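The next block holds one structure in the form of structure tokens; read it before the comments.
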Amino acid sequence: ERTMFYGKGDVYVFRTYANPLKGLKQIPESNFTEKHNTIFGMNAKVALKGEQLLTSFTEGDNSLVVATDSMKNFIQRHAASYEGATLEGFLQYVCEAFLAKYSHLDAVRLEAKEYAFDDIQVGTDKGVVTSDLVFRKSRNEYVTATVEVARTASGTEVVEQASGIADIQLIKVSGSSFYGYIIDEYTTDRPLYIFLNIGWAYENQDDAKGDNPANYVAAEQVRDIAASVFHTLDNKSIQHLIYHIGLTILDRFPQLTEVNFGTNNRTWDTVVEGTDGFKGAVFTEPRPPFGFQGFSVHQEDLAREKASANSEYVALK
Amino acid sequence: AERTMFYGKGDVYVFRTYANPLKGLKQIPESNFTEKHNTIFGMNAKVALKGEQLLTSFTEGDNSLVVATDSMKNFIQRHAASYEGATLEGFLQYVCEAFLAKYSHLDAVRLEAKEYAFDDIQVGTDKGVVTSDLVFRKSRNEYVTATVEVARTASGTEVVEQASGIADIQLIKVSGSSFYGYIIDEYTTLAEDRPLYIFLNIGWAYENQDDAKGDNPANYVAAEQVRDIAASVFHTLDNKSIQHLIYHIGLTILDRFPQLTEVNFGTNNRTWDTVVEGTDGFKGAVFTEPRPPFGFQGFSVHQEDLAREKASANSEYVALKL
Amino acid sequence: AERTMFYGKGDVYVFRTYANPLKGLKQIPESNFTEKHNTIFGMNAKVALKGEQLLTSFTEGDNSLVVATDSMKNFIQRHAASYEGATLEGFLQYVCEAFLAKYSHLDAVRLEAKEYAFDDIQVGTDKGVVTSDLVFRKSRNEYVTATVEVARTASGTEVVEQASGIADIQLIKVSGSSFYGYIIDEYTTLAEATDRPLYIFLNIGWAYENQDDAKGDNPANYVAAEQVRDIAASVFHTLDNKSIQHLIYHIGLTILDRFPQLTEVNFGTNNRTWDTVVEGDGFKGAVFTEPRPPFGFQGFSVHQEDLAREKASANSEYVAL
Amino acid sequence: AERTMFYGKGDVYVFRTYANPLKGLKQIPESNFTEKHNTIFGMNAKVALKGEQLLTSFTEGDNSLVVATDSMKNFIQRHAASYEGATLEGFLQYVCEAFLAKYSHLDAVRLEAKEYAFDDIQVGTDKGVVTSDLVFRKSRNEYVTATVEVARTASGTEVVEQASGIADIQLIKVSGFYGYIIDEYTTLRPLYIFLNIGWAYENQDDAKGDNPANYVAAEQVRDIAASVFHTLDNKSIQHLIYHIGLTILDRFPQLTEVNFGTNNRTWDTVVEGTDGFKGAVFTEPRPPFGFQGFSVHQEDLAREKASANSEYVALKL
């Protein structure tokens, strides 16, 4: 009932030359098939839980306390020995190691944000090619994952598993207005500009380990789906947009039970209206308030659309 | 049967001037804070609308039952002008209930707010150095927080979630602190006294949620008082860990405010690394910032914990007397 | 002598505990600040080394005459332990001169520092509520700044730049600020106002006539940033300003008036008028919100000659406590 | 001998859509960049006005000759719609000159700008995976910078300051620094650097892009930096930025000088590889960072090209 946990945050862990992720399912929305993992880096945050931690608070008894500094060492050492190719697999690997090492712990939770790097083009004597030595630190969208593992009477189980992509920022330079809303006493065209966080859950949680890559859903593919649907669809709202992104993701990945969204509307204000469309148009940043949406799409929703004569859902062949 | 579904407006800055003052707070030994003049009553609010009838706005792109997010902003700002109370929680509940009264198709309204904090300042006048009633400093230090969610009931509405807190307390204690007795194994850093430096977020929950409205200020728990308790306990107690510290901070808060059911904590250890050891304690010592990793704790203390301590012959819990 | 050339170490966090206290400051009408206990004497320092003999470290990758940057960090941190003074400027000049004495191939050393600021707090005790001598709050508000650059000379060393300042003062005045009379043409949309809730960010700096006054050996001649801050706040409180330009001119005059040992006070300002959402009273009961991102800014310096002119003019509007 | 005096407006976000494209850039071995479509031509601008006649606005609170800062914002945004050029430097000089022509009491106008950068992205279509012409990613990576200040002459106006640059390049190089001074203060990996690069034109009008073959695009400079970092075995960051500068001057003889501001953000080793970087683990260091500032000039390049002990090598044309 009581809240009780402790751990170490901002655990920067950068593994070089981890095993590559390869053999992904090819989809129309994306060219992403592999992730070379030359840098396999992340910002991890670990929390330990257990009833036996109580007196560390109530009595200042450090006897059963794994030092937070030691947890950091623990994570960093397991990054060196990990042989898999995915973030989710690594986190579950570390969680299970903690539990095997410390019998007095009841559960371990790991959250991680990718420390992202981009491949770049460099000029060489053989022309302009992709570098295998130099990479750009990306401050754009990044992969996320959360795994919590708890002890059971017969072993361990994953009690939470999350996968995602954060901070997708996209603008569409086409006309967008957004009408038909309630007009009352509280009531007071432009390139729709959105921030998107996307997460998903697996039917079979072992698929996230990447042991069979055809069943692993790479965040990069999801991002490409989102971008493609955004590009193609004539949306009626951000709500409407993310429903179709969700349907498409579920369509490409039947092994997922659910896809969820957290959005921001960051559309500019018009300052000088264009003379023909957006040709000659000038925009600026709006006042700080931003619209946001939260929504989950499920396989049952996809089945519903596919069986409805009135559905507008369309995906690439 | 429970899809995630909500939408709203964030970063809704609302700055109300000359709101009704909060006065008549319970006087406690840990604090001199008894009143908050509310000359500026400002916040960053975030509103979310929920309801089953919102489904087709996603699935069909039907905006017929959609309250525009810009309209939500207006709604909040206008209610900031009409609000006659003195607390953040009271304002949020007022707005939540107003939304529900206006839009019958909505099932629940959630308001989260971060105080846009200001400090009184001392200025020179012909009458000497006094507190200004015109000029205030924008504080980038600790700030008050609150969340209120109100949902429909069979006979009307109710608060289904209520949180109150103080965020971003950053305190250092320049006395020798060590922390010993932890597990030592193969994962223990090789190397074997520093000024404990902590970040603190503190929250609390009311037994009767109406106490947060401040209609009777004697039952209102001011975040400023809570902050002063934390600071005082940190000062007086010789702690064995951050875990141990926040337990005693929690007990003290519950002791001063029996109308609270729970006090919760989120902490960071941001203690410096030693570079030059002092030649007499911390005299002549030099420290620097550590590598990024930080220890953290999360914990809740409840009235049952306090009653147990007071009934225990071996308790080390001590509070200043009234 | 036209090339840009320097290297060094940034984000050198240096936290000295129990430094010698700053006490015996000049007492003034705008402030009660007379001493700074320096229980924590902390800063974020930035050091740059300059010199012609550093050229080949760039052009030839020759590290022979290179003080490695980690060594600069150690050097600074060790000197924080030995420094016996009470001011930021004194510490920086102390470090600069030490570097030049240690490394003869150096021509000049530059130190910039931003204070790592802490607040005294009130705690409850059995003897009542008092100021704690053990627990301090990390302040994310205004902080002290200083820059010292020292170059080698034929006879020793000289200070070639000395700066002192206070950064990130953020103050709001709810009423008592007007903006009217400006140019009205095809580009003006802004309504003229006799009253707006002025919200300002202020960076204030100053220069000493005698640069050694900054070492704090005679605290009565030392200008503490805390005093300058209190002056700015007081002038903001008292003056009915016509613009931020008008305001900072008077702040500067007032500062120079209290501290005749200063040659100039300079300003870097930012302005953020809230937007009115519900008009209030009048102005009590009003609701405001944050405006769009654009902000007005001002840069300006006031010198003793300006103050002398104001004091002798029959048309002067300058008034001090 | 002269007081500091200026005022203006900062955070002037200006987003022009479908500006005239930048095309016809000089082809170089280090880069594939030949064009910038300018579908979005966006920036964060900062304008400062100067003039003797501004004195009484400070000293007397006299607003008679004061162009309100809000009006400056409008002035800039309105000039964004009519600007017919293709470069950031050209737009800024255009606005500077417009201000001076409009307000005779002004002596000089200074504009600084940070690009509000967007990336082309790949989307799935019925025609396959292609670059979208509608949807763009907001980049939080490196961005173009420029500063133009224009002052009056007896016969018109002149550019008194002109700067062009690229800010916040963040590159890591995966491959394996010695010889520095060893004394009592000396205690002392994949080199990780932050780079700001700027340059100056021999003929400042080249920055207008009226003759694109003479315009130096920040994208090309960035690709040069990346290419040199990739190929060169550096002995220090000082040594590295010297060669980046030489190569830039080599590709762009119309530049008089290139300047650098660098940060060393190299990780700390936690688990050593067995060996090379295979199995290696790194983490973030304590905050202190090495930095360098440096300018390279054409005279340096001419010296290197004629020197027998020169180590300078560039890719062939």
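Using ideal geometry, Cβ is built from the backbone for each residue, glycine included, and neighbour counts are taken over all protein chains shown. What follows is calculated from the coordinates using simple rules that are stated; it is not laboratory data.
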Using 7 Å Cα-to-Cβ label points, what is the D:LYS305/D:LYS235 separation (nm, one decimal)?
-> 2.4
Among the listed pairs A:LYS317/B:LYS73; A:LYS137/B:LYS50; B:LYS26/B:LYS102; D:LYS26/D:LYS46; A:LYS126/C:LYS50; D:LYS23/D:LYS73, give every one whose C-alpha distance is greater than 32 Å.
-> A:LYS317/B:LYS73; A:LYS137/B:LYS50; B:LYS26/B:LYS102; A:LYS126/C:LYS50
In terms of the Cα gyration tensor, with a ≥ b ≥ c the square roots of its eigenvalues, is the stretch B:1-49 rounded because a/c is under 1.5, prolate because a/b exceeds b/c, or oblate?
-> oblate
Label-point separation, C:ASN218 to B:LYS26 (7 Å along Cα→Cβ), nm = 5.7
Any chance you could list the semi-axes, whole Å, largest first, of the equivalent ellipsoid that the Cα gyration tensor gives for the protein assembly as shown, using √(5λ)?
-> 43, 41, 37
Percent RCO, i.e. relative contact order, over the stretch A:17-145, from Cα pairs under 8 Å lying at least 6 residues apart = 26
For the residues B:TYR220, A:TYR179, what sequence is obtained by ranking on other C-beta atoms within 10 Å, fewest first?
-> A:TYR179, B:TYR220
What is the mean number of Cβ atoms from other protein chains located within 10 Å of the Cβ atom of each residue in peptide B:16-23, rounded to a whole number?
-> 4
Under the helix-only model (-39500 (n - 2.57) for each DSSP H run of 4 or more, divided by the residues of the protein assembly as shown), the mean residue ellipticity at 222 nm, to 500 deg cm²/dmol, is -7000 deg cm²/dmol
Count, for each residue of A:87-99, the Cβ atoms from other chains sitting within 10 Å of its Cβ, then give me the mean as a whole number.
-> 0
Could you quote the convex hull projected area for chain B, Cα atoms only and averaged over all directions, in nm²?
-> 24.2
Inter-chain shielding metric for D:190-203, i.e. average beta-carbon neighbours from other chains within 10 angstrom, reads 1
Based on other C-beta atoms within 10 Å, arrange A:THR257, A:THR86 from fewest to most.
-> A:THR257, A:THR86
With each label point set 7 Å from Cα along the Cα-Cβ vector, what nm distance links C:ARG152 and D:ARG189?
-> 3.0
Exposure proxy check on C:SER301, B:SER177, B:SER155, A:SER311: fewest-to-most Cβ neighbours within 10 Å is B:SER155, A:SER311, B:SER177, C:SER301
